[PDB]
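Participant: Structure in structure tokens, see below.
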Ligand SMILES: Nc1ncnc2c1ncn2[C@@H]1O[C@H](COP(=O)(O)OP(=O)(O)OP(=O)(O)O)[C@@H](O)[C@H]1O
Ligand SMILES: [Zn+2]
Ligand SMILES: [Zn+2]
């Protein structure tokens, strides 16, 4: 029902955000439960592919 | 007695420095004294009074007032010092040349040249207090880019600074036009070659300065329309989640470091660039509201020595290691708990970026027609490098836009067609007009007195050749 | 007319206290007037002779003797700007704000010269070293010392302080360029007590059988 770009779109299949998250886990569902892992992107790139959390409501 | 150094700073800074900013108070009912005199409740309120700000719902103290507070606290007159400079930007890089009896850092180090532990803490002042867009079209076109293409966008905003009376000794950046560099926007993000961007922006800045503008910030869109029938966007950024992700905070810090704010009260001569960053994401109700931010002076001094990187968690920024070049001490971020006690927590793995931000307030000029804008434009001739869409500047577009007015007269109509920022840049790039012709063109298009200059231009040989070739071209 | 003026006196909190509301302290009153009014009212005398008028004027005595009354009367009579500082009031504020109030007092008094800064109950903000417990009392004492020392040479500003005993104040406050001149107030004699009784028992609806002289004679140590 939601657009696929909400977690997996362009620049998420290029930069394996899912891969980074799961490899940090074992150190596919993505959640902010756990710990962060370094995600270093080159100067001049902005990433907006983080999973949406919506307002508290 | 030595004092502030001799260095030229913006007119706004000077005129702010001239003022005192004191807030007078009337006789309180708790005063015990006659008409002449004043005890503690009637004395003028300093411009930096925290109670006044928190009572008026102001979250920061208008940097010039912070400088006033520092000057009042320190630097006694006529004795007690030789004018210790009050402002000094943080610097965390290790002292590569200590030689206190030991070789440089890689193979020896003492307690004197060892960076001390860094304590992050929310900044209490903001350089620029307001950001004002002269017209709605400036951002309407910027968002029309996304509406038509579906990808994100990114562009620098040109303008100038001025006073802001709604806050004690406050500054507002007024933005006149937006320039979009060549960038490859994408569904979830955007990319842009740094070298091309800076090489183009050098000449763009030269031309803008010739026109009187300046580069004062960057703006990007973060929009993802919801599935509802109407035009609405998800509220991705809000209180509990991130406002600015780590990557954009880092980029903003770099931009601020590259645009230093020349100041007369610091040893280096600069302090905390007046560079703002705006983002278009959408408010809690599902609109296209816009928000403006600015990274603190310690984040600005943290990114320079690397020491930070983006993290897979949007709200938290990672920390690098103690390699053989960059030496990172222990970083603590200070917070106050619900019981009104400050608590220091070590954050080596990752810490929230909310301690590296200060929030500004945007707005638009009141509906009252002041017409202090430099351009009646932003709706017409296509903008900068939007070759992805059908917006491709070329001679045909000129022949269709700026030829009927030049073939009839109506000097007012010609003036309102000639006052387009991007049109001026394009005709400059055409290089048909000689430098003096272009100087008189810009002063005809931007100055409130343009009749004589417009007549001289239209009568000029260069303009005549330009219009003749434009007519001949099809 | 009078008091820098029914409207001429021939609300207003603790105001209208003049020289006619003080009785039995004419020697101390003369000393205070000489120390305060002359430097402010007629600065040309000291420039002509070529001296610097005194800045600090300490004043002490037993409680109830009228130190605050005398200071307020002088301030109101001189017709010159003045700035009340109350020791307990300054010391009842969060850390780092007592010094702010002291600095504001001195700077604002300097702005509107001529001025009189009346530091009432100075023994509570600059107490004796042994009882300066903590780093807040020491900090406020140091701030007061800084302001007192660095004031100026040309500014027409006078500082008046009231306390109970000479030994209740930090010794560092009684040096050159500080509270150097000091005045002592003692219990009044019979004539002084008679004058005080006359002052207070004026609005009262006294009966004809009153012997205020007898009360003055009977009240010793009052
Ligand atoms: N000649 C006088 N000497 C003393 N007190 C007088 C005199 N005439 C009137 N009074 C009254 O006596 C009381 C004196 O109290 P006051 O606060 O002046 O004394 P204080 O203990 O020196 O002051 P403070 O504690 O505020 O420094 C007041 O009611 C004042 O009105
Ligand atoms: Zn008052
Ligand atoms: Zn060393």
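Participant: Please list log₁₀ I(q)/I(0) at q = 0.26 Å⁻¹ for the range B:300-361, using the Debye equation with identical point scatterers on the alpha-carbon positions.
Facilitator: -1.22
Participant: In whole percent, what relative contact order does the range B:348-474 give with Cα contacts below 8 Å and a gap of six or more residues? Before the final figure, lay out the partial values.
Facilitator: Values: 93 pairs, mean separation 33.4, N = 127.
Computed value for the range B:348-474: 26 percent relative contact order.
Participant: If you scale each eigenvalue of the Cα gyration tensor by 5 and take the root, what three semi-axes come out for the range C:19-173, rounded to whole angstrom and sorted largest first? Please report the intermediate quantities before stating the final value.
Facilitator: Details: eigenvalues 131, 74, 38 Å².
Working through the eigenvalues yields semi-axes of 26, 19, 14 Å.
Participant: Which distance in nm do the two modelled labels at residue B:449 and residue A:5 give, with both placed 7 Å along the Cα-to-Cβ direction?
Facilitator: Simple spin-label model gives 5.1 nm for this pair.
Participant: Counting each pair of different Cα atoms once, what's the Kirkwood radius of the protein assembly as shown in Å, rounded to one decimal?
Facilitator: Numbers: mean 1/r = 0.0313 Å⁻¹.
Kirkwood hydrodynamic radius for the protein assembly as shown: 32.0 Å.
Participant: Further, regarding this structure: With a/c under 1.5 counting as rounded, go ahead and sort the range B:412-461 into rounded, prolate or oblate using the C-alpha gyration tensor (a ≥ b ≥ c being the square roots of the eigenvalues; past the cut-off, prolate if a/b is larger than b/c, else oblate). Display every interim value, and only then the final one.
Facilitator: Values: a/c = 1.80, a/b = 1.21, b/c = 1.49.
Oblate, since a/c reaches 1.5 and b/c is not below a/b.
Participant: Here is a follow-up. Expressed as a whole number of Å, what is the distance separating the alpha-carbon centroids of the range B:352-422 and the range B:216-275?
Facilitator: Result: 23 Å between the Cα centres.
Participant: Let me ask another. Over the whole of B:303-313, what's the average partner chain Cβ count within 10 Å per residue? Rounded to a whole number, please.
Facilitator: Details: counts 0, 0, 0, 0, 0, 0, 4, 8, 8, 15, 9.
The per-residue average across the peptide is 4.
Participant: For the range C:114-182 and chain A, what is the separation of their C-alpha centers, rounded to whole Å?
Facilitator: Cα centroid of the range C:114-182 versus Cα centroid of chain A: 64 Å apart.
Participant: Taking the Cα atoms only, what angle lies between the long axis of helix B:137-149 and the longest principal axis of chain B, rounded to 10 degrees?
Facilitator: In chain B, helix B:137-149 runs at an angle near 80 degrees to the longest axis.
Participant: Ok, one more. Largest first and in whole Å, give the semi-axes of the range C:90-222's equivalent ellipsoid, each being the square root of 5 times a Cα gyration tensor eigenvalue.
Facilitator: Details: eigenvalues 297, 67, 46 Å².
After diagonalising the Cα gyration tensor, the semi-axes are 39, 18, 15 Å.
Participant: Kirkwood Rh and Cα-based Rg: tell me the resulting Rg over Rh for the range B:354-444, rounded to two decimals. If you can, show how the numbers build up before the last one.
Facilitator: On the way: Rg = 17.2 Å, Rh = 15.8 Å.
Result: Rg/Rh = 1.09.
Participant: How long is the gain from residue C:176 to residue C:206 if the chain were fully straight, where each residue apart is worth 0.36 nm and the alpha carbon distance is subtracted? Present the calculation step by step, with values, prior to reporting the outcome.
Facilitator: Details: separation 30, 0.36 × 30 = 10.80 nm, distance 5.07 nm.
Residue separation times 0.36 nm, minus the Cα-Cα distance, leaves 5.7 nm.
Participant: How far is helix B:194-211 tilted, in degrees, relative to the longest principal axis of the Cα atoms in chain B, given as a value from 0 to 90 rounded to the nearest 10?
Facilitator: Once rounded, one gets 70 degrees.
Participant: Follow-up. Calculate the radius of gyration of the Cα atoms of the range B:212-264 to one decimal place, then report Dmax, the largest Cα-Cα distance, as a whole number, both in Å.
Facilitator: When restricted to Cα atoms, the range B:212-264 yields Rg and Dmax of 16.4, 56 Å.
Participant: Taking each residue in B:224-234, count the Cβ atoms of any other chain within 10 Å of its Cβ, then average. What number comes out?
Facilitator: Numbers: counts 7, 1, 2, 3, 0, 0, 0, 0, 0, 0, 7.
Mean partner-chain Cβ count within 10 Å for B:224-234: 2.
Participant: Then there's this: What is the mean projected area of the alpha carbon convex hull for chain A, to one decimal in square nanometres?
Facilitator: Numbers: hull surface 20.9 nm².
It is 5.2 nm².
Participant: Next question, about the same structure. How big is the Kirkwood radius of the range B:135-213, worked out from every pair of different alpha carbons and given in Å to one decimal? Mind dumping the intermediate values first?
Facilitator: Numbers: mean 1/r = 0.0689 Å⁻¹.
Value: 14.5 Å, from the Cα pair sum.
Participant: Can you tell me the Rg and Dmax of chain B, counting just the alpha carbons, in angstroms?
Facilitator: Cα only, chain B: 26.2, 86 Å (Rg, Dmax).
Participant: While we're on this one: Mean shadow of the range B:1-145, computed from the convex hull of its alpha carbons, in nm²? Show your work: numbers first, answer last.
Facilitator: Working: hull surface 71.7 nm².
That works out to 17.9 nm², a quarter of the Cα hull's surface.
Participant: For the range B:49-67 and the range B:444-463, what is the centre-to-centre distance using only Cα atoms, to the nearest Å?
Facilitator: Measuring centre to centre over Cα atoms gives 46 Å.
Participant: Taking Cα pairs under 8 Å and at least six residues apart, what relative contact order does chain B come out at, in percent?
Facilitator: On the way: 763 pairs, mean separation 71.8, N = 474.
RCO, chain B: 15 percent.
Participant: On to the next question. Hey, got the Cα dimensions of the range C:1-109 along the principal axes, in Å, largest first?
Facilitator: Sorted from largest, the Cα extents of the range C:1-109 read 44, 41, 31 Å.
Participant: Please sort B:245-257, B:119-131 by packing, taking for each peptide the average over its residues of neighbouring beta carbons within 10 angstrom, highest first. Please list the in-between numbers first.
Facilitator: Working: B:245-257: 22.6, B:119-131: 20.8.
Taking the mean over residues of other Cβ atoms within 10 Å, the ranking is B:245-257, B:119-131.
Values in this text are rule-based calculations from the coordinates and carry no lab data. We place every Cβ from the backbone using ideal geometry, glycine too, and count neighbours over all the protein chains shown.
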